[PDB]
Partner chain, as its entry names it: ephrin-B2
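One chain comes next, on its own, written as structure tokens: the form deposited without its partner chain.
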């Protein structure tokens, strides 16, 4: 079957090459995302663990940003080899909340037959864009990956969050596609909203050395979505111990201050016997942020010193920016570690400076891109990108979800690709 990337997988190519040895296969049609002309599919989540996956999206009628929310899909299922010997996703269980207008920022963790999905519940829109008026309310659903006919609360049911420990943070919420379980406590990528006049930051920790026109205040102002924001954002994890009587709390853990950046969508995952953490770059530090997790609680991450991977921005903080500016921009494009011995990772990235376009599956190390494969056209518009890799017959496969703009219908939709990591550098 399909299993996590653990133990001693088949060899992969380790050399920088321009040979086309990556051969992505399009596998969207196994999920309900091929879509209908007058509908936009937005706000996707994909998560994978132990032969299962959780998937979520919102469908809007008309406009992609201001359209009417038709339905929120939350499904789980299994990753299975089609006869082809190629992995693909198959739903087994799907749920829709009663009110699709109010669910935001879902995040999934798998544990022993069930996926847990933590979401924000808001009556004032995306909580990030109006945080003062957001109530801070949360919701968690449990889905069985193996539905059992008329299974009452086994198949689906919601859990009650009657206690949130958030220390000195006003509000706390899930903020990233997926997390990890730890026999058997759950950890969700999350973010904390700290009242700005409580943020202890020493401006003399802001790298201005040969950054022309970069005031040392910039690193503190950029910790909120706006230089005058009431809150600043701090990434971290939400802990949820399943073995806590009957009302397990949720405890916020903040990310350490090494290479601090405004809280943004993040991800924690298990690769080869140890957890990795990825944090999207939504401000001035535009080089990819991920690394082995030194310790989970408290959270400290051994950020890689990657010099080749970045992400497109706008005028102020374009791709490859490293100088402290005041900005809130960027895109979520994560990377999955596939070989620790050599620290090689795979991800889909947008190969452009100031426009979100040209999605390229790329395998890479800290200072070298080894090889790559265009996923669409060089002026294809794209956004969020979520990669998970695993084993199929001891061979490493990755599955990437990529938000692509469809020029026919003028709407975005998730495309799924399955990519085998080449076991040799010649075709």
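Positions refer to the first chain, counted from 1. Rigid core (definition): largest C-alpha set, two forms, superposition within 1.5 Å.
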Q.
Compared with other deposited entries of this protein, is residue 45 missing coordinates in at least a third of those that cover its neighbours?
A. no
Q: Find out whether the coordinates of residue 34 are absent in at least a third of the other compared PDB entries of the same protein.
A: yes
Q: Report the stretch with the higher mean CA temperature factor, choosing between 338 to 346 and 214 to 222 on the basis of the entry.
A: 214 to 222
(Q) When the Cα temperature factors in the entry are averaged, is it 276 to 284 or 238 to 246 that ends up higher? (A) 238 to 246
Q: Among the candidates 107, 137, 185, 92, give the one with the maximum CA B-factor reported in the record.
A: 185
Q) From 121, 323, 74, 128, pick the one with the largest CA B-factor in the entry? A) 323
Q: Divide the modelled residues of the chain into thirds by Cα B-factor and specify which third, lowest, middle or highest, holds residue 332.
A: lowest
Q: Taking the values exactly as deposited, rank residue 37 by C-alpha B-factor within its chain and report the matching third: lowest, middle or highest.
A: highest
Q.
What third of the chain does residue 63 rank in for C-alpha temperature factor, lowest, middle or highest?
A. highest
Q) So where's residue 207 on the chain's Cα temperature factor ranking, which third? A) highest
Q. Lowest, middle or highest third: where is residue 409 by C-alpha B factor in its chain?
A. highest
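The same protein has a further form, the form solved in complex with its partner chain, not shown here; the description that follows concerns it.
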(Q) Counting any non-hydrogen atom inside 4.5 Å, which residue from 145, 253, 103, 331 sits next to its partner chain in the bound PDB entry? (A) 331
(Q) Under a 4.5 Å heavy atom criterion, is residue 64 part of the interface with its partner chain in the bound PDB entry? (A) yes
(Q) When the contact criterion is heavy atoms within 4.5 Å, does residue 404 count as touching its partner chain in the bound PDB entry? (A) yes
Q. With a 4.5 Å heavy atom cut-off, would you call residue 382 a contact of its partner chain in the bound PDB entry?
A. yes
Q.
Within 4.5 Å, heavy atoms only: does residue 232 come near its partner chain in the bound PDB entry?
A. no
Q: Enumerate the residues of 306 to 320 that have a non-hydrogen atom within 4.5 Å of its partner chain in the bound PDB entry, in sequence order, or give none.
A: 312, 313, 314, 315, 316
Q) Superposing on the rigid core, is the CA of residue 410 displaced by 2 Å or more between this form and the one not shown? A) yes
